[PDB]
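Line by line, the protein sequences are chains I, a, H, Z, N, b, A, Y, J and X.
PDB author numbering puts the first sequence at residues 1 to 204.
PDB author numbering puts the second sequence at residues 1 to 233.
PDB author numbering puts the third sequence at residues 1 to 226.
PDB author numbering puts the fourth sequence at residues 1 to 222.
PDB author numbering puts the fifth sequence at residues 1 to 196.
PDB author numbering puts the sixth sequence at residues 1 to 196.
PDB author numbering puts the seventh sequence at residues 1 to 125.
PDB author numbering puts the eighth sequence at residues 1 to 212.
PDB author numbering puts the ninth sequence at residues 1 to 195.
PDB author numbering puts the tenth sequence at residues 1 to 195.
Backbone N, C-alpha and C define an ideal beta-carbon position, used for all residues, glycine too.
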Amino acid sequence: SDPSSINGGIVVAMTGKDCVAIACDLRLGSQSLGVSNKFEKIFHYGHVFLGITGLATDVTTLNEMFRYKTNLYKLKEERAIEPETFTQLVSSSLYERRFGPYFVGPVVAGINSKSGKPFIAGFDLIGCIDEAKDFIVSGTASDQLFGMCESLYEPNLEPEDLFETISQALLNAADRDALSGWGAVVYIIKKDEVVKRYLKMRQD
Amino acid sequence: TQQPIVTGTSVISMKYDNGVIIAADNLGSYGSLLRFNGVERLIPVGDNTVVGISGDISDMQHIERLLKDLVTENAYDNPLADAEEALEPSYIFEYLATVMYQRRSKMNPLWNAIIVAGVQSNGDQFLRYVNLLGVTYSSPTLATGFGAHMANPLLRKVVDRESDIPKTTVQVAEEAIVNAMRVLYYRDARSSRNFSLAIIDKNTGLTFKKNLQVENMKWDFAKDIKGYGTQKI
Amino acid sequence: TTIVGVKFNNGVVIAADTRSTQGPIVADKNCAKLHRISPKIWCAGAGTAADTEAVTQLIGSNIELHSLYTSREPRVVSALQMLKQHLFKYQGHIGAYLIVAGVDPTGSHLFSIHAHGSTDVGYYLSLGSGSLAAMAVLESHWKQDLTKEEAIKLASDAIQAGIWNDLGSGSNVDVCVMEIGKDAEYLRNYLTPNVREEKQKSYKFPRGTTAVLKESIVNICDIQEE
Amino acid sequence: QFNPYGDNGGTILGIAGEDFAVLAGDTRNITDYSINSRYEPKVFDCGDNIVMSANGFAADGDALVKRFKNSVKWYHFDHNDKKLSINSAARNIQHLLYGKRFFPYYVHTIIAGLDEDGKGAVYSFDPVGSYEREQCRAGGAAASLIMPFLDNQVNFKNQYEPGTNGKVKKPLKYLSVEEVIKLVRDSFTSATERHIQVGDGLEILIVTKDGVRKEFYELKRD
Amino acid sequence: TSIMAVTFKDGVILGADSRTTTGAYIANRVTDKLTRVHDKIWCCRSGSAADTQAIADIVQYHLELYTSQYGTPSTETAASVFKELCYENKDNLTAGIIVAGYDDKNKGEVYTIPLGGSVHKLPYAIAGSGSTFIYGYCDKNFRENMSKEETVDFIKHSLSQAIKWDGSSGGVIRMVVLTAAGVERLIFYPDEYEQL
Amino acid sequence: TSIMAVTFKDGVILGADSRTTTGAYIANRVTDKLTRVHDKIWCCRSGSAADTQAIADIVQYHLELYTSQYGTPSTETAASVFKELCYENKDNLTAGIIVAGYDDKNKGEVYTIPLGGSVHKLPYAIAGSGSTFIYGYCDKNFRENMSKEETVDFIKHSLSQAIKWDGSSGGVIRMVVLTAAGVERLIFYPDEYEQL
Amino acid sequence: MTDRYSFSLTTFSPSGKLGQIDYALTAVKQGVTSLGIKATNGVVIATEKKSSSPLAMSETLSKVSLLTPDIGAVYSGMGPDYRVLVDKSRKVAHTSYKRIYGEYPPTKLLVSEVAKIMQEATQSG
Amino acid sequence: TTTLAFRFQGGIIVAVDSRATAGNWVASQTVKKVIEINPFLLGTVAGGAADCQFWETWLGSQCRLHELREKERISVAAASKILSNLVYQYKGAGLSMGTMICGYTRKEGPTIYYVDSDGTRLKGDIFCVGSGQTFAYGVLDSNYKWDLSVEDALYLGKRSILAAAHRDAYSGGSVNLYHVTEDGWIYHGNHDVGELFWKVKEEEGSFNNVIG
Amino acid sequence: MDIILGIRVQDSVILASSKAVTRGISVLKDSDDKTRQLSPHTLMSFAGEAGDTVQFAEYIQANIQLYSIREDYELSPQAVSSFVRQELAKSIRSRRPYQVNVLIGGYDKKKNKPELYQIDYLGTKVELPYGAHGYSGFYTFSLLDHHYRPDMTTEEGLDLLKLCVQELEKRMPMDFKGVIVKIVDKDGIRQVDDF
Amino acid sequence: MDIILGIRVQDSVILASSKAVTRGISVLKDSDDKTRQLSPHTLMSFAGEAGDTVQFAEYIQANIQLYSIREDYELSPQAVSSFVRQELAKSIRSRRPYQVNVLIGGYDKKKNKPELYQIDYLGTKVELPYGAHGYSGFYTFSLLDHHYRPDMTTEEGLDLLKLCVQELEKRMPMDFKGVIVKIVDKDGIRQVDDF
Ligand SMILES: [Mg+2]
Ligand SMILES: [Mg+2]
Ligand SMILES: [Mg+2]
Ligand SMILES: [Mg+2]
Ligand SMILES: [Mg+2]
């Protein structure tokens, strides 16, 4: 019935020293029924990364939409979009559907190519921006993620330390949520290299 | 299950160094109609306890009779009824708290919020709350209804924790209570200017003040306020 | 949310807490609730957070275009009229509750706006879940002819009453002072009475703690030459 | 319509050690967006080296604790001052709760103490009396924020030994009373930051063979 | 809310309380419910604040544009514009408005516009939640062609009682006097009217 | 319904209209709402006719049995019996009763018992649907220790206004005077009170 | 009524010239001189304030206009056409950019939007 | 929840998951869904956890009183009917129960009775109850034979819970195994689904869709 | 309609779809083919609300056939599935949404690979080795999880499919009157007339 | 439960009852006997709400068995049916009524006649040559109306019963997993183990 918790799934993003990290589970379901263990919720447009939880049809639709818009942006601007700008685009795009919204919980993550500054942001389904320094959480285990992130997180973590923190935050949260899990992916993002790691976790 | 008909609004209270203060206005509303202007909602029990009651007035009158009946019953076969075996605030509260919870459990509640303020045999301050659900709690400041939202913030600026109680005098505590009553008169649409205030001190005993009025009100600034935006005249 | 506005001698001050919530969960512990409609017209919002942000950006945008068109500095009454007519049109469905304050050639102003489109004038105002806690403080300490320093004190004290006593409000106090014949000064995190204490333990994991299945380099760069 | 139930917020946490047990709970009591009391004790010493807390609707919580304390008293009368064992107390509580199966105590009950072999014990109950011995259990408002953290830091879930890469789990080494109290305090500090109903103060009751000891700690009051 | 408008010898006087409530909370204790649509045509507002403000602003626009073309409008004309808005949009409005104005030809006039959108020209009018409690008093005490001082006393005593019994009404008693002499604002505080 | 009881120097007077409506139809235009529970203890009835009649009949039984054993009951005692019925059965009753009586020791006394079942001793009391419109008038015009002729005029003028505005009230104004002298019934017709 | 001119008023002549555009350029040629110079750390734009009368207040007539906080414009030709272009240029900087990206458009893109408006007046009905 | 029980040559296999959920929130991964009524009788819990715990524990007390009075082991038929008659009295009140009363006596042999809070009482050879029952049934139906060994039957029950654990979002945590013989039930350990899945995947070659 | 299954093997895609058409109380037909050929190497089976199912399937069919003529080229199964998803994603926020779930089984002639796409009425697309809609997965997935291998032959896939149908016939309350099975491979689409 | 049929022929009564027991989504059993022997020459089949069906049937069984012992005499089918009707008629105005429909097939040893009684959960008794409960009659009665004769043999009755079951298996959406058939005659009650 509740659109934001039909398909299930989670996204978490964290900042570190000269780096950001964004991670997600791989589950897609029809309520109790597990349907897919390969449904990735993190996408990227140039160097800007976008996680999207919520209703899976909208996750797909919005990815296709932001690919569309960032591609036209790049052709006209003659440069790749930045995280701060993209965040505003995501906010605008969601709010234009104010009285018929996409049932999603987007999460932006990336590093500004000019300043080198790590950036993360989160949104509600209607476009309200949450620009936190520390971390952003989203999905059906957002409460669990808030609890994990609040205790495990410390500022200025190195890329390889940050990986451990965000991974353990995701995994242990997803294990306390029926509609999340079935695999997980973690992106470690630096100014000019990005490492993508699939995590091993319990398959139920 | 009922609905409250004739109702009484906020009851506010706080602890100070030697005892407790409690106050409540003299209004018995009938919905938006300010029907009864001479309703006493602070009811003393003996010389050491004052029970403040908000909510349904017919149920208040019933509770008032139970307490009157409690004093009579305590005096039966009790030579020390006015000494060692007199009614304590803690006895009176626990009795009411029992009744309130029993009644809610039969799905027929006494539609009230009650604050029992008093001083015990050993001089300790007693201040505790109970309502139609049988929910109970204690705190240096307690208030019902609108008082909870507006009075508590002001009273907590005086006594913010347990350690602030010995530092607070009766004059400071009474001043804070009287100010809170003024604030409630400004802002609670179901309040009146006339109120009662009771002080229970371990040295000077029970001091019951009737026919008090909210005074030193600020209204003059209203003359300058014109329209709702653009209007100048 | 706790937001307040206080008039003083030569201007007006607004203040707000910095807690934004999802039901009982604190989403952002240092949210910025003081928004800029124009350089010297600021407002604080409560209710639906996206609506307060969106409606101030829209009116702020139209106010800027209006200012350029008329070659005049924007007025608070213009922001007020544009906000209320927009909110009224949508019959409360845009859940924006605003305290609008500012200075302009006409003088200093303070208004409140409710989601259905009604507006009120006052010397001191409060909105949000902690408005009753804040209004108690304002009603207890407000007076006519406040100085700049007294108004900042009163405004921040009213926000504190909300921070401590209202569960919907917390963290820090933001303040913005708009004085006549001066630049408006935005005082981000004016007070910080809710710093978290050092934890009993460090939860930094040993490297290699997490089990990994695959690694790969992601191609963020464009299609390459040669 | 009259609603006999209410939510008084609060969060509690029971952890069973090797030869000890702790039952912690914040001291904040609330309705909706208002604070009733910054210090209203929620965890209680019920005698016979048993501690108890009934979190949720405070009136039913207080009623249940009162009735259980009363059950301990009458157990002594009827059975020659015999000590009520934690497992017996648990079964007795099930019957108290299930006794109101069709008008439940709207609470999540936890008790803690030592079993008959002297080892740490915690029992967890649902509102209608289904129960179980557990090593680790958070209850109440911020239970979802605390339990995943405990799975990770107490039971070492998802943690593996460096170098092996997912092949060897981190060994389940025993935690001391000092080590548990650190995790309890950090759980409540974290819960206070991210949950509006949690704060003011933390009260911990520690049960050992020597008896019941109390520890109090401040929490953020916003 | 307690509002009233009363015609007298020299013209008309509008009277109102200052309380605005959201449930049992007084959102504004110093509200100005007497609002100006033209130089000497004012109105008392009751019902939805958002609606009555929106209506009054539109009327003020219409009468401003009327004046630019055809000169000063009559009080009847102002009431007709109010009516037209309230009647045609009756499904989406909760507005009870009393229109009061002063011409030199017609002198003081009062028109009441209740929920439905109907118009009723009267010697005096009372409206708002608190009006119920003073129908008896006002009917017994009203006289035609009163003086300024008598009409101020009549309004003051009437709204005093309305405020006393109605929890929705309170604060200060605002008044606006409309005569050939001009426009005079009056204010009366709790300490003055409560002891009456 | 418009009912009231007023204490004065020589005792107390009960006053009431005579209209009983089923919706907008007047089922009885000559109803007697002033009913006797004891020689010099009467009551005014408002709300459910079936309920107030059933209550009044029970009270009359209780006071009759009281008198047989303990002699004449006080007006306070009568009000307490009314209260006990109304309070204990509040879920199944729609009754608003004003109790008025005359002792020689206590003189004229008036007790009002609204829906809830609470009791309020007052110098005078007003109740019923039509009472709303005369709170202002009665509060301004009531004085303590009035004469018989003044109190009759006060009640007549009050109920006249209540009848004028309340469609639920009407017909004749009945009154019952309770003094040391005895029990006197009075009636006032439309042609008399309408022109006031 | 109705705008019954739904056809192009600018059309290709046999020689391949767009007459109305050429003639518009002729009007620009008659206009007062304005110029622009780009430096390493800035840009300057300038023009003469040709006062139509000495009684007129030439300060009120602004030939140089702010479009965004970091963009400015000056013209040569018909002043009224410029004035309405500045109004459209300011509005389009908000509607088609700032309200989407939360920032002001870069010079080249705002210029592109202005160019689009001028192109449409060259082809529309 | 996923619970199963099936009759075979060597008696009865009982297998259950361990997950408990309140909505999407996983309340526990270590829940006991086999009630040890007595040393000879087992009962599974599905639906209401309290209702199954309380009344089957109670059933054990009745079975004890029976064999004290009658000096003879209570039959599985009699034991199951005491429970079904009880819950039938409460029919309408809102009890939630889906259980298999399992036992092995002389006169009956291995017997399984499905008992329901609607009052249903069914004797059968294979039963699956819970949100993940359909997944467990598939593995059971395709692989079940009467002449299974105790070793293979135990594995089949374990593998069937694993099938449900994987697909059903409200099943998992760990697998509890029991083997019921005439001389009593024998507990065959707790098996974490997380570790069991990878073990089964590798050794069996199943779950090729999943990356490991 | 009720049950529709799909399984991608080594070199083909197999779609099984029930034959029953029920109307409340009566089974009106027991030989209904719940599928449409979108292009020579792409087949779409469907199940959902009456009327909407066929109306949607034929609308898609017409559009893919139009594209085939215009470009003289067959769209890839991935391309077709993306087109279908968009139509359903467009549909869900319409005045009256199409209540249709589909499986798209195709053979990509460019990549020489079979492909199975599962799309529900919300526009939720997933590429799978085996898939189902409604309650069909609840009975069958545990068998498919166990037995499935990516290198299965077409004959092995059909055997695993028979086992799935048998389990459905045993444990489902509804009589779906058996299934029609079709195979999509490099040579095109063909029906298994005996099953 | 679902389908229960009854047919009275020349010298016996034949009761057919479905074997399926479905609980929501799954068919838990496919061999359930929805009948009880009340006395040596009286059989009662039943269908209705879960729990109530068996609870009622066994309660009736116990009462008839008690009467048989007390009087050392078997009640006539008519007498048994009247007793059963009264219990259901008593039940319908209870706090929680038995939701059970029954067919009572018996052979009267005094009159040497077979008798079939149909009684619904309201206590609506009718003596019939052939009967059913729920939707079973909708499919079967047209066949029974056509083919039935009062002088049919037991073998002819079974053939007509097979035709009824075949029509049910064709046009009913629900899979009732076939039927258990029992025959009641002068020699008592026996089950037709192959059908
Ligand atoms: Mg907090
Ligand atoms: Mg409206
Ligand atoms: Mg008032
Ligand atoms: Mg699972
Ligand atoms: Mg799908």
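So what does residue 124(H) bridge to, in DSSP terms?
In the DSSP assignment, residue 124(H) forms a beta bridge with 6(H).
I'd like to confirm something about residue 50(N): is its beta-carbon nearer than 8 Å to some heavy atom of ligand 2, or not?
Yes, the Cβ of residue 50(N) comes within 8 Å of a heavy atom of ligand 2.
Around ligand 5, Cβ to any heavy atom closer than 5 Å, ordered along the chain
Listed along the chain, these residues meet the criterion: 118(J), 120(J) and 124(J).
Got a sec: is the Cβ-Cβ distance from residue 127(Y) to anything in chain X below 9 Å?
Yes, its Cβ sits closer than 9 Å to a Cβ of chain X.
Roughly how far, in whole angstroms, is the beta-carbon of residue 196(a) from the beta-carbon of residue 210(a), given that I think they are within contact range, below 8 Å?
Contact flag correct, Cβ pair sits at about 5 Å.
Which listed residue (217(a), 203(a) and 40(a)) has its alpha carbon closest to that of residue 121(b)
Closest by alpha carbon: 40(a).
Please name the residue, chosen from 73(A), 113(A) and 84(A), that lies closest to residue 36(A) on a Cα-to-Cα basis.
Minimum Cα-Cα distance from residue 36(A) among the listed residues 73(A), 113(A) and 84(A) corresponds to 73(A).
Flag residue 155(b) as yes if its beta-carbon sits less than 9 Å from any beta-carbon of chain N, otherwise no.
Taking Cβ atoms only, chain N never reaches closer than 9 Å to residue 155(b), which makes this a no.
Does DSSP put residue 216(a) in a helix, in a strand, or in coil?
The answer is coil: DSSP assigns residue 216(a) none of H, G, I, E or B.
Hey, quick one: how far does the alpha helix (DSSP H) through residue 62(a) stretch, first residue to last?
First-last of the alpha helix (DSSP H) with residue 62(a): 57–75.
At a CB-CB cut-off below 7 Å, which residues of chain J make contact with residue 174(X)?
From the beta-carbon of residue 174(X), the residues of chain J found nearer than 7 Å are 173, 174 and 175.
Going by C-alpha to C-alpha distance, which of 184(I), 27(I), 45(I) and 13(I) sits closest to residue 37(I)?
Ranking the options by Cα distance to residue 37(I), first place goes to 27(I).
Amino acids of chain N, ordered along the chain, whose beta-carbon sits closer than 7 Å to that of residue 29(a):
Those are 167, listed as they occur along chain N.
At least 3 beta-carbon pairs within less than 8 Å: the segment 140–150 of chain b vs the segment 50–67 of chain a:
The segment 140–150 of chain b, when compared against the segment 50–67 of chain a, does not touch it at the 8 Å Cβ threshold.
Just to confirm the assignment, what range does the beta strand (DSSP E) spanning residue 204(a) have?
The continuous stretches of beta strand (DSSP E) do not include residue 204(a), and DSSP gives it neither H nor E.
According to a CB-to-CB cut-off of less than 8 Å, which residues of the segment 103–121 of chain H neighbour chain N?
Contact annotation: in the segment 103–121 of chain H, residues whose CB is within less than 8 Å of a CB in chain N are 114, 116, 117, 118, 119, 120 and 121.
If you drop the 5 nearest sequence neighbours on each side, which residues of the same chain put their C-beta closer than 7 Å to that of residue 145(N)?
Excluding the 5 residues flanking it on each side, residue 145(N) has same chain C-beta neighbours closer than 7 Å at 8 and 9, in chain order.
Residues in the same chain with beta-carbon distance under 7 Å from residue 73(H), minus the five sequence neighbours each way, listed in chain order, please.
The answer, listed in chain order, is 67, 104 and 105.
Can you check whether the CB of residue 117(X) is closer than 9 Å to the CB of residue 77(X)?
Yes; because the gap between Cβ atoms is below 9 Å, this pair is in contact.
Between residue 29(H) and ligand 1, is the CB less than 8 Å from at least one heavy atom?
For ligand 1, not one heavy atom lies less than 8 Å from the Cβ of residue 29(H).
Considering only residues of the same chain and omitting the five flanking positions on each side of residue 157(H), which have a CB-CB separation below 8 Å?
The residues 137 and 141, in chain order, have a CB closer than 8 Å to that of residue 157(H) in the same chain once the five nearest residues on each side in sequence are set aside.
Spatially closest choice to residue 146(Z) from 36(Z), 184(Z) and 43(Z), by CA coordinates
With distances taken between Cα atoms, residue 146(Z) lies closest to 184(Z).
Assuming contact is defined by CB atoms lying nearer than 9 Å, are residue 105(X) and residue 184(X) in contact in what I supplied?
Judged by beta-carbon spacing, residue 184(X) lies within the 9 Å limit of residue 105(X), meaning their Cβ atoms are closer than that value.
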